[PDB]
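Chain naming here is simple, since letters A, B, ... match the order of the sequence lines and numbering starts at 1 in each. The basis for the numbers below is simple: all heavy atoms, side chains too, and nothing from hydrogens, waters or symmetry mates.
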Amino acid sequence: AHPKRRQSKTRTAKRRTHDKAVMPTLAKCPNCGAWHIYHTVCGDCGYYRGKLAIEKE
Amino acid sequence: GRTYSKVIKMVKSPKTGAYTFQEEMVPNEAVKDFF
Amino acid sequence: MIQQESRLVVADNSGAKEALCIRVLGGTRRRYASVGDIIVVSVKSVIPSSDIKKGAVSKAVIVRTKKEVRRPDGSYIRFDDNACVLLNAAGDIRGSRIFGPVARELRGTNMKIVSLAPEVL
Amino acid sequence: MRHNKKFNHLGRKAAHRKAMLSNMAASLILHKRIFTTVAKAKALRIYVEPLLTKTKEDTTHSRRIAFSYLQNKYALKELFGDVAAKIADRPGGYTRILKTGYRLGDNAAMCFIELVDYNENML
Amino acid sequence: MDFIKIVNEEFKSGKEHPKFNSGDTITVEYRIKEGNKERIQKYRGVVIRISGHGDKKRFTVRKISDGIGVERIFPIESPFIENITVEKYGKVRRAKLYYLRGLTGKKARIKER
Amino acid sequence: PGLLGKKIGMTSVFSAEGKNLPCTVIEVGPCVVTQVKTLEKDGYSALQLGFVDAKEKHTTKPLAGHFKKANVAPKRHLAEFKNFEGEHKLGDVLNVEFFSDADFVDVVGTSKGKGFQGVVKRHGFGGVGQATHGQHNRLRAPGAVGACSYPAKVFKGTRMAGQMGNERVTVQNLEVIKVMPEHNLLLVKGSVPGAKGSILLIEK
RNA sequence: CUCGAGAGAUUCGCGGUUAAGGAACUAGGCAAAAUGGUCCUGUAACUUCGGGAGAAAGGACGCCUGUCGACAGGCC
RNA sequence: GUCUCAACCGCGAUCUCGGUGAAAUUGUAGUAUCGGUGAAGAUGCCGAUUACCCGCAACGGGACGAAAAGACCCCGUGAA
RNA sequence: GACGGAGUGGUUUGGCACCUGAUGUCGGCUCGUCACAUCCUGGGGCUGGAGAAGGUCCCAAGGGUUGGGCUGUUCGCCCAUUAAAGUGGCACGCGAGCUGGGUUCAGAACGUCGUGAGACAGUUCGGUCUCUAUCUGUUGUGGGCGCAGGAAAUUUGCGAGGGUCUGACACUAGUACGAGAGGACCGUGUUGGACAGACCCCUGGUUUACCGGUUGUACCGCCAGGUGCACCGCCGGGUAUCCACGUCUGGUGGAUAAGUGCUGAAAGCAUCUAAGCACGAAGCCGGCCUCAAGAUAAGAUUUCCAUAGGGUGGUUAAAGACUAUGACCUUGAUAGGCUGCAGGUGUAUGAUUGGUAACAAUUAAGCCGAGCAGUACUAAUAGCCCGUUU
Ligand SMILES: C=C[C@]1(C)C[C@@H](OC(=O)CS[C@@H]2CC[C@@H](N)C[C@H]2O)[C@]2(C)[C@H](C)CC[C@]3(CCC(=O)[C@H]32)[C@@H](C)[C@@H]1O
Ligand SMILES: [K+]
Ligand SMILES: [K+]
Ligand SMILES: [K+]
Ligand SMILES: [Mg+2]
Ligand SMILES: [Mg+2]
Ligand SMILES: [Mg+2]
Ligand SMILES: [Mg+2]
Ligand SMILES: [Mg+2]
Ligand SMILES: [Mg+2]
Ligand SMILES: [Mg+2]
Ligand SMILES: [Mg+2]
Ligand SMILES: [Mg+2]
Ligand SMILES: [Mg+2]
Ligand SMILES: [Mg+2]
Ligand SMILES: [Mg+2]
Ligand SMILES: [Mg+2]
Ligand SMILES: [Mg+2]
Ligand SMILES: [Mg+2]
Ligand SMILES: [Mg+2]
Ligand SMILES: [Mg+2]
Ligand SMILES: [Mg+2]
Ligand SMILES: [Mg+2]
Ligand SMILES: [Mg+2]
Ligand SMILES: [Mg+2]
Ligand SMILES: [Mg+2]
Ligand SMILES: [Mg+2]
Ligand SMILES: [Mg+2]
Ligand SMILES: [Mg+2]
Ligand SMILES: [Mg+2]
Ligand SMILES: [Mg+2]
Ligand SMILES: [Mg+2]
Ligand SMILES: [Mg+2]
Ligand SMILES: [Mg+2]
Ligand SMILES: [Mg+2]
Ligand SMILES: [Mg+2]
Ligand code: NA
Ligand code: NA
Ligand SMILES: [Zn+2]
C-alpha cells in the first residue's frame, strides 16, 4: 500500500525507458508534394489515390 | 477357468550371465507359440 | 436429478404418500439419483390407517423424474413429477400396485415393478 | 470473450445506439456526405446499406418498412426520390469511407462517409 | 466442398414420414426390444416442439397417461421409427407450445384446422 | 506416424448397431514428403510433410528453394512425424488410406483462446463466502495466497489468474468411424480441440 | 448535469434470466423471491365485548351484440 | 441463485489513446533463494544455490507493511 | 503386562521474563504447502492364523480421505453413507484475502457482593473491521541486446511442471478348507462412482442481435400504418457465440524397501553374505501430457542473400487488456455490401369475401439471417524507414 522508500534517480529513469512519443506514418503526396499521413486524404490538395476527393474552395 | 495358463522359461542375461526368469499369462491355446 | 432434501411422490400402495430423500447410495460424493437408482428416504406423510408410519426410514427406487433421461438410441423421456417405490430390507417392494407410468430403465434392475405397472414409458 | 459478435456497441445503451444510427442515416440521405469518426462511420455502413436496398422494390410496404427505421418524412421523400434513381444499377457498395485525420479536443480518428453516386470526381 | 452435407448423405438413416407441425396430434410406431423379441409400441400425443437443421430435426411429443404427463423426444431420422400417422391437424399461434405443461383437461384442448 | 488435417465440424450419425454417435469431420488431405531426416545426418529419423497448397506470392525464397529441391508444389503447413514403415522418399504423396487400417487415432490441436481469465474459470476456485451474509467484494476472489512469516513468500506453482487456452492439446484413442478416400475425409467419434478450419495432426 | 475517443480481458458497482432440487446456505431465510387492486362469498382460538379481522380460505375482471351496474350469447 | 454449483447477458467503473493532474509514504540502496547464525522469527551476516538488460497487466505471502508517542497491564509521594 | 528404570520431541499445561513512539486475538470460509507417528488403497513376518473374518508388528506419503441435526463454538453426541471419513506443523498457516456468531468499550436488566460510587469462578438483549501495491514474492505477457555474417522454416532435449484414486458383480466354485455353519487364494472378464481435459452433433441454460402479442401515453398534420418512453414496460419464443445439467477422452522396463531364497566359508556343523547369483511394493527412475537452447556450455538440419528478409501502414480474425499471433492488401474473396441457402419468428401491409359487430378465411406470409456459397459494387495506394517485395 505504501512505498517503504523513495525511489532513487536511477530506478525512476530505468522505468521511463518505455515512455516514447509515437512517430506519425508520413508519406509524400504525388500531386502536392507535401507530407501527409499514409492512407488519408491530403489536406492541402484534397486528393487521394490519384483522384480528387475533397474539392476545396 | 481355462481362459489362460502360466508359462516360464529361463534365459541367460548379458548383465550377469546366469539364468533369469521370464513369466507371463497367455491363453491356454497359445503356449506352443511361446515355447 | 434427485438429491438430498428432495421430495418425491410415493407411487405404490405401501401406505406412504410423500417421501424425503436422505442419501443417494453408491459413492462418496455421488450427487444425483436418476431412474433405477436406490436412495434412502424418510416417510413424510401417510394415508390414515396405513402399515408404515410417518417418520419411518426406508430404502426406495426411483421410477420417474422431471429431468429428461437419455437413451442410447437418441431418444429422451421426461415425466411431470419425481416418483419412487419403497423397498423392504430384502430388496423386494413393500406394496402390491404401482400407480402411473414407469420408465424402461427398470427392465434391467427390477422386474417386479415392470410386470405390475400400468405402462412402461 | 466476444467470439463472433458482429456489431459495435459504440459505448452506448441499445436504445441510444439505435437512435443515433437512425439520426445519422437521415443526415446522410439529406446531405450526400457527412463528417464523423471512423468507428461511427463503419457502424453506419452496416445500418444504411440495407435501407438503401429497399428502394429497389417501390411499394407501400417498402416505404413503410424504411419509415419504421428513419421515422423522418423528409428523409423518406429524398430516399425514394432522387437517391433511389442514382443507385438503381449499382450492386451494393453504395457508400465510401475515406480517412481524414484527428480531432483537436480528444484526438479522435476522423473520416467522411458519402453516397458513391453523388461524388463525380471519384465517379 | 461441403463435407457435412456429404457425410449426412452417406450416413442417411430412416424413412420418409408425412409432414407435421407443432400442435398436431400424431402416433409414433416405435420398435422396442425385450428378450430378443421385437415389437411395435404406439405412442400418441401432441407435438409441442420441432428443432434442428434439415433432415436432422428432433421433435417432442407429449401425452397424459393415467394422470401423469409424459414427454418424449424423437430423432426424425431414427431407424427405430416404423410409421408416423397424423390424427388431427391443430391450430396454434406460435412455434413452441411450452404453455401446455400448465393446463389440465378442457383447458389443454387445441382447435382443429 | 500420421498426417495433417483440417477440422471441418461436428455432426451426429446412426451406426449399423443402431446407436447415435457424435462424429467430427476432418479433411486429412494429401501430404507430400518435403524432407527426409536420417540418423547419419540429423541425429534422428523422421518425415517432414506439407499439407496446404500455397501461392508463390506467399512463399519466401528460402522456402521456395526448399520445395524446389524436393520437386513438389509449395505447401503452407509443415510438420514432422516419426516411426513410419515403408521408407517413403522425397516428393512422395500420402493420403487418407494410410488410416484405412486404423482402429483408434490421436489428434493434436490448438485449443480455442479464452484470453485472460480469472481463478474461478481458469482453475475452478470455489469463491469466497456466499453471495449474501456479509459479503462485500470478494465473490470471485482467490482467497489467501500463503502462510505467515514462515515461508514468508508465495510458492512457485501457485494457481492464479492469467492467459487461458490457445495452447497445444492432445486427445487420445479416438475411434475411427469411417474413411472416405474420395473426398480425403476422415470420421472420428467425439470432439477434438480447436475451432473450425484449424490444423490438426492425426497420429495413427 | 464543463473532459473526451476507442476497445469490449480479469475484477468490482448497479441491474436481468436460469435446467433439476427447494433453506441442504447461514450465528440467523441476511438479501432476494413471493403476496399485493376492486367487487362478491366466508372468516378460528381468545377477549377488557371494543376487538382479534383485510384473520384464514375462495370466486369474477378484456372486447362486441342485444336486454332490463347486471343478464345471456359471441370474439381474441 | 441463500445453497448443490455455477453459467450467460446490459450499462458504469476497468484497460488503450488525447487533455489536465494530486495524496498517504520516503536514512541511502545495484533490494534473489535456502538452511545456519544472531537483541533468541534475516533482502543486507556465513556457506552454498539460482539469476541476460528494461517494462505492462493481475494477486496479496513478507518488508515484525502505513496510520495513532498501546485504551489492556504496571509505574508517577501525576490528574479529573 | 504390575513394581521399577533409560531416553526422544517440543504440538498441552506450566517455569523463566530474553525481542516487541501497537508483533490484530476464537471459530468458520477461501487457498494451500510440508511431515509420517498410515485412515483407505499396495508389499510382507508372526499368530492362541482350519477356511472366512481378525489381532500385532514391519516397509510404504503416489493418489484419495462425505453430507446433515445441535452448539459461536474447537471438541463432542446423533442421523445416513463410504474403500476410507488419518494425525500433526506452517505467528494454535492464512482479517493490507473474507466474515464478525464468541471474547473485550460506552445503553439496559437479572442473580449475587458492597452503606455507596460500583463489581463479577456469572447471565441476558443491542452495539462503525480503515489504506489508490514502492521493493520483494507469485501468475501471465512484451521491448532490447546476445548467440563470432544476415535471414525463412523444421527441430533434438539439458531440464521443469502436470498426471498417479477407487467400488460392485460374473466365472473358476458352492469347489480347496471345514463333522457343520460357512467358504477361499491364484487367474480371466463385465460394468460403475469421484476427478481432470477438450468440445457444442445431442439434452439443457443464456442470448439489452432478432421475431411476435399486449397495457398506458405522446409524436409522424388526420385515418389507417408505425415509432419514442414506462426494469429490455410487461409477456412468449429464440440462431451464432459463451456454457453444464450435456458429450467424448484419460490416470500407461530397470533399480530397490520390508521381506523370500540358492551356493557358501570365516567358525569341520550352522548360516540369504563375507566372494558371487535369483526374486521382491499404488513407492524411485523411465514410460503418458505440456513447456523447454539466455542449456551465455546460447545445440542440429534444409534453403535464400552477402532485393534475401523485415518494420511502419491498411481490410480484419474462431487471436487479443495493451502487446503478440493468424489470414489478406488489386495477377485480390480480407471485411462489408449484393445475390441465393441452412436457420429464428410465426402468417405482415393492402385487397376481396363472410359476420350486425368485436373478428375471421383467401393471396403471396412478412421481417430477420452473428452461420454457409457465389460475386470486385465499397474499402484494402509498396508511399516512407532498416537490412522489391502488401
Ligand atoms: C491493542 C493491541 C492489539 C491490537 C491486540 C492484543 O490484544 C490485547 O491487547 C488484548 S487486551 C484488549 C485490548 C483492547 C482493550 N480496549 C481491551 C483489552 O481487553 C494482542 C492480541 C496481544 C494480547 C498483545 C500483542 C498484540 C500484537 C500481537 C497480538 O496478537 C496482539 C498487540 C500489540 C495488538 O496491537
Ligand atoms: K523466507
Ligand atoms: K443460441
Ligand atoms: K464478400
Ligand atoms: Mg511506462
Ligand atoms: Mg479468444
Ligand atoms: Mg458460489
Ligand atoms: Mg459488510
Ligand atoms: Mg458487494
Ligand atoms: Mg432454477
Ligand atoms: Mg424450474
Ligand atoms: Mg441448516
Ligand atoms: Mg451448514
Ligand atoms: Mg428481509
Ligand atoms: Mg462500459
Ligand atoms: Mg491519459
Ligand atoms: Mg532464522
Ligand atoms: Mg534468510
Ligand atoms: Mg505497522
Ligand atoms: Mg507510549
Ligand atoms: Mg515452538
Ligand atoms: Mg515502530
Ligand atoms: Mg513408517
Ligand atoms: Mg493462527
Ligand atoms: Mg482487517
Ligand atoms: Mg495478513
Ligand atoms: Mg453499563
Ligand atoms: Mg437492531
Ligand atoms: Mg472491509
Ligand atoms: Mg449449434
Ligand atoms: Mg437447445
Ligand atoms: Mg417523449
Ligand atoms: Mg427503454
Ligand atoms: Mg419522460
Ligand atoms: Mg556350509
Ligand atoms: Mg497493391
Ligand atoms: Na444491597
Ligand atoms: Na451472413
Ligand atoms: Zn497533396
Side-chain angles (χ1 to χ4, degrees), chain A residues 1-8 14 17-18 25-28 38-39 49, chain B residues 1 18, chain C residues 1 3-6 22-23 26-30 40 66-68 70 76, chain D residues 1-7 13-14 39 45-46 49 60-61 64 67-68 71 73 90-93 96-97 105-108, chain E residues 53-54 94-96, chain F residues 10-12 22 35 42-44 48 60-63 65-66 78 80 111-113 115-118 126 128-130 132-134 137-138 140-148 150-155 158 160-163 166 168-173 190-191 193 195:
Chain A
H2 294 71
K4 201 69 181 181
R5 286 218 63 256
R6 74 193 280 171
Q7 315 219 330
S8 63
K14 272 147 146 40
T17 290
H18 300 300
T25 299
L26 292 189
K28 225 142 271 183
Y38 201 45
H39 280 110
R49 277 177 83 191
Chain C
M1 188 146 312
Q3 81 207 24
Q4 195 195 303
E5 311 271 319
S6 290
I22 294 158
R23 169 84 32 242
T28 271
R29 269 213 209 66
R30 217 196 151 126
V40 173
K66 289 207 56 103
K67 191 62 157 152
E68 52 276 306
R70 182 170 149 133
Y76 296 74
Chain D
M1 284 168 282
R2 50 137 308 261
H3 297 153
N4 185 238
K5 267 142 163 133
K6 309 225 71 153
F7 82 72
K13 281 168 175 179
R45 174 146 75 121
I46 311 164
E49 304 227 71
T60 324
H61 188 64
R64 294 188 182 185
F67 183 92
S68 79
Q71 280 285 314
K73 76 140 158 213
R90 167 170 315 269
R96 151 201 298 141
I97 314 175
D106 41 42
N107 189 236
Chain E
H53 286 252
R94 71 193 65 280
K96 316 270 217 263
Chain F
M10 290 180 87
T11 198
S12 86
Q35 169 175 225
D42 298 278
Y44 69 96
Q48 175 177 121
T60 61
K61 196 151 176 217
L63 264 307
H66 189 45
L78 284 192
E80 297 199 58
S111 38
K112 293 161 106 116
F116 190 99
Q117 291 303 324
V128 176
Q130 289 81 41
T132 42
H133 293 293
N137 61 347
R138 313 285 179 143
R140 293 175 83 84
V145 297
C148 200
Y150 283 165
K153 89 172 150 177
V154 180
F155 276 128
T158 298
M160 287 188 165
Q163 159 81 21
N166 203 30
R168 165 173 182 127
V169 177
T170 301
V171 195
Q172 295 164 319
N173 306 320
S191 72

Output yes when at least one side-chain N/O atom of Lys5(D) is less than 4.0 Å from OP1 or OP2 of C242(I), else no. no

Could you check whether the side chain of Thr28(C) and the base of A84(I) have a donor-acceptor pair of N or O atoms closer than 3.5 Å, going by distance alone? yes

Identify, with sequence neighbours excluded, every residue that meets side chain to side chain donor-acceptor pair (under 3.5 Å) alongside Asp106(D). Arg103(D)

Residues which pass salt bridge (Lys or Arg N to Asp or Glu O under 4.0 Å) with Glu68(C), listed by chain and number, not counting sequence neighbours: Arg78(C)

Please work out if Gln71(D) contacts a base, only the sugar-phosphate, or nothing of the nucleic acid, heavy-atom cut-off 4.0 Å. base

So, under a plain 3.5 Å distance rule, would you say the side chain of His2(A) forms a donor-acceptor pair with the base of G65(H)? yes

Could I get the full list of side-chain contact (heavy atoms from CB on, under 4.5 Å) partners for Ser6(C), not counting sequence neighbours? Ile2(C), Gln3(C)

Residues passing the side chain to side chain donor-acceptor pair (under 3.5 Å) test with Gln7(A), sequence neighbours excluded, are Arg15(A)

In whole Å, what separates the P atom of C73(H) from that of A121(I)? 14 Å

Just by protein heavy atoms under 4.0 Å, how would nucleotides 2-8 of chain G read 5' to 3' in B, S and -? --BSSSB

Protein-nucleotides 17-21 of chain G N/O pairs closer than 3.5 Å?
unit_1	atom_1	unit_2	atom_2	d
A19(G)	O2'	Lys67(C)	NZ	2.8
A20(G)	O2'	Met1(C)	O	2.6
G21(G)	OP1	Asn82(C)	ND2	2.9
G21(G)	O3'	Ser6(C)	OG	3.4
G21(G)	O2'	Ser6(C)	OG	2.7

Side-chain N,O (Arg6(A)) to OP1/OP2 (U134(I)) below 4.0 Å: no

Measuring to OP1 and OP2 of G346(I), would you say a side-chain N or O of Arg94(E) lies under 4.0 angstrom away? yes

Below 4.5 Å, heavy atoms only, C-beta onward: do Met1(D) and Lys112(F) meet side chain to side chain? no

Base of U378(I) paired with side chain of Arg45(D) (donor-acceptor, under 3.5 Å): yes

Measure distances between side-chain N and O atoms of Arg70(C) and base N and O atoms of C202(I), and say whether any donor-acceptor pair falls under 3.5 Å. yes

Taking any heavy-atom pair under 4.0 Å as a contact, classify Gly143(F): base, sugar-phosphate, or nothing. base

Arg168(F) near the nucleic acid: base, sugar-phosphate alone, or nothing, with a heavy-atom cut-off under 4.0 Å? sugar-phosphate

Pairing residues for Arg138(F) by the side-chain contact (heavy atoms from CB on, under 4.5 Å) criterion, not counting sequence neighbours: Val128(F), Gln135(F), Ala141(F)

Protein and nucleotides 262-265 of chain I: nitrogen or oxygen contacts under 3.5 angstrom:
none

Any donor-acceptor pair, under 3.5 Å, between the side chain of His3(D) and the base of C242(I), if you only look at N and O atoms? no

Check side chain to side chain donor-acceptor pair (under 3.5 Å) between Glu80(F) and all other residues, then give those that pass, not counting sequence neighbours. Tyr44(F)

Between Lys4(A) and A133(I), is there a contact of a side-chain N or O with OP1 or OP2 at under 4.0 Å? no

Qualifying residues under side-chain contact (heavy atoms from CB on, under 4.5 Å), relative to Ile97(D), sequence neighbours excluded: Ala41(D), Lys42(D), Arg45(D), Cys111(D), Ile113(D)

Contact class for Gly190(F) (heavy atom, under 4.0 Å): base, sugar-phosphate, or nothing? sugar-phosphate

Close N or O pairs between protein and nucleotides 306-310 of chain I (under 3.5 Å):
unit_1	atom_1	unit_2	atom_2	d
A308(I)	OP1	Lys61(F)	NZ	3.4
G309(I)	OP1	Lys61(F)	N	3.0

Sequence neighbours excluded, the answer for side-chain contact (heavy atoms from CB on, under 4.5 Å) partners of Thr60(F) is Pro62(F), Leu63(F)

Tell me if the side-chain of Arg29(C) makes a donor-acceptor pair with the base of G67(I), cut-off 3.5 Å, by modelled atom types. no

Determine: side-chain N/O of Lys112(F) to OP1/OP2 of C200(I), distance under 4.0 Å, yes or no. yes

Can you find a donor-acceptor N/O pair under 3.5 angstrom joining the side chain of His133(F) to the base of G28(G)? yes

With a cut-off of less than 4.0 Å, is there a side-chain N or O of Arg138(F) near OP1 or OP2 of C29(I)? no

For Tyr38(A) and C384(I), say yes or no: do the ring centres fall under 5.5 Å of each other while the ring planes differ by less than 30°? no

Any N or O donor-acceptor pair linking the side chain of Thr132(F) to the base of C30(G) at under 3.5 Å? yes

